[PDB]
Number of protein chains: 4
Amino acid sequence: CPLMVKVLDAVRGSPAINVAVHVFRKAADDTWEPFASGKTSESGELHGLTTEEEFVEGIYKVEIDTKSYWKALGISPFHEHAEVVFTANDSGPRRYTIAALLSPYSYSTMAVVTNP
Amino acid sequence: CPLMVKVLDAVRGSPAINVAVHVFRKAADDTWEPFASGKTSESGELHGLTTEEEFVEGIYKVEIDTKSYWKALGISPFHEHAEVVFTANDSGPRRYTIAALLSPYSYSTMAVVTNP
Amino acid sequence: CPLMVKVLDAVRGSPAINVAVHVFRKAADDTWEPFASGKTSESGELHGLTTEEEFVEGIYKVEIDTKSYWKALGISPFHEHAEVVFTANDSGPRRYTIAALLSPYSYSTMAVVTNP
Amino acid sequence: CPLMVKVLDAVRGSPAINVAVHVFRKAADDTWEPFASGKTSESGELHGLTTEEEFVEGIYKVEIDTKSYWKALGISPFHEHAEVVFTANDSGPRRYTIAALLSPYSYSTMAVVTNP
């Protein structure tokens, strides 16, 4: 559990279920290499993306596919996706929870970072 | 205009128009006394609530009638209203903008305090 | 667990620990009667406030004592407290998670409502 | 002015001044091509990015240099930058305001889309 993503739906007051999430890591040649992906569960949470060993220092991008979520609810949202870009593990291994609260024309995102 | 209120609708990506706003000031006996009120304009803003002379240091509450706003859109909301409670402090010249971003099950509020 | 409160600190990227929370329920004479209170744990969470039996239909106010939290960190925040006011259980018993994300001049609050 | 960006600082309750903002438009080959850029004004706003003629339908990215903003205040931030990605749609006349509310470990963004 060094990386967990949680997504909530501010319209329904619920977890955002079946939201696709793609994680990327910046490579040596400055491109975004695919790192891990998954979908949020019935709790709005996505666990198991990576391991402590694999989640090395680097610049990571978490891309939450909000448009597809809204569209399947009948809403035409503003954003294509929510993107969260951050340096990880640069002072040693940490645990990151990336949370997103979604509305059709707005989101917020928060990171909780803990040292195990 | 030392106090302005702005209300935005995160479902429709618009100003929140015709929202009732009530301002109170905490009295000596610790009750909330009516101070100012109005309805947001087409821009989601409510100007002209008070004056520099009248807006003395004290504890204020801004109550925003969110429930009625959502009910008029046919959307079931969580909150009865949104409440913003703060102390006004003389600390050189100051203007307060209270912003609220509304979703059915969530709101965020921000205060922007500036000196012209 | 019909009522849980979670508080996060957007400055530190952490749970907001030792935050006082007071819950009130609107009485028959339209006053706010004390209902329950507590403090957030090391996880930022406050569990055990009430029981399914005691948490009847009504209008509830959750008052999160944000000012005192900030002040003990050396920050002079804007708000006195964050207040969350809502009708509960009016279509039968539900479980409510009230979350707050705190910054010195801003907060957001979200409710997750589930039917057990 | 079909596109305006506003950036606010939730730690200090102020406009976020002198923040670099870069706008990109998605090209045919799926890369992000520079489109407009500037730095926020004393009001936290960036006006004059584009024109109605130039701002055709397409996918845009607004990148806000949050990290440099926080570093200048001596505050350690989580994100590399804040990114807002959206489709511009002709649907009668329209003006887009992209707002971002910044905290060290969190941001929220809102789009206000209006027709004069």
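Residue numbers start from 1 in every chain, and the chains themselves are labelled A, B, ... in the order their sequence lines are given, proteins ahead of strands.
A distance of 7.5 Å separates CD of D:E80 from NZ of A:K26, quoted to the nearest 0.5 Å.
Within a 6.0 Å radius of CD in A:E52, other residues, nucleotides and ligands contribute 12 heavy atoms or fewer. More than 12 heavy atoms of other shown residues, nucleotides or ligands fall within 6.0 angstrom of atom NE2 in A:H22. Within a 6.0 Å radius of CD in D:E42, no more than 12 heavy atoms belonging to other residues, nucleotides or ligands are found.
When heavy atoms are compared at a cutoff of 4.5 Å, D:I59 approaches chain A solely by way of its side chain, counted from C-beta outward. Interface residue D:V113: only side-chain heavy atoms are found under 4.5 Å from chain A.
Panel note: side chain D:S108, backbone A:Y107; no donor-acceptor pair is recorded below 3.5 Å.
Between D:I98 and A:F78 the shortest side-chain heavy-atom distance falls below 4.5 Å. Side-chain contact between A:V85 and D:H79: absent, with no pair of heavy atoms (C-beta onward) separated by less than 4.5 Å.
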